[PDB]
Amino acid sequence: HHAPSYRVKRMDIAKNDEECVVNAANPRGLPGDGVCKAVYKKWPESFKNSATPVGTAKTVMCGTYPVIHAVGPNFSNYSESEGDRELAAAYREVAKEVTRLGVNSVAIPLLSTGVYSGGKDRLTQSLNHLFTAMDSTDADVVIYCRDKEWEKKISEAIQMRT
């Protein structure tokens, strides 16, 4: 039946229309800047016992609504090699949680492309790991970003696969 899809939206992920949200989290469950700022603004109870290791994800239910805290590596602290593995792992744990949760859709940002980027442009790296994990799930995936140029590039990368 229903065709699982990938979409990109340039808007605040906290305003998503999907059955769940992925927070670009930190490992201590602390409020922060960027995605986590918006997620904390809307779902602060989701931060109750959300602390989890780098490269893992941990879901906290806000009623019927899952907030998947996914912890990408900070590339200021991780080497390129070790960070690539942790980033891959975070997105794989996202896919496992999404499947487990039985959700029909998910709102997701590009992990480790903002305050955890170590100053590097990691759009293509983060998206590649996103695809590698998500591709085997049948949930509709909606990627959120804030930059116009990044929206275009993410959109192209989706479109050219098919």
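Residue numbers run from 1 along the displayed sequence.
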Report the stretch with the higher mean CA temperature factor, choosing between 32 to 40 and 107 to 115 on the basis of the entry.
32 to 40
On mean Cα temperature factor in this entry, is 66 to 74 or 131 to 139 the higher one?
131 to 139
How does residue 14 rank on Cα B-factor within its chain, lowest, middle or highest third?
middle
Among the chain's modelled residues, which third holds the C-alpha B-factor of residue 122?
lowest
What third of the chain, by the recorded C-alpha B-factor, contains residue 99?
lowest
Place residue 51 in the lowest, middle or highest third of its chain's C-alpha B-factors, as listed in the PDB entry.
middle
Within-chain third of residue 145 by Cα B-factor, per the entry
highest
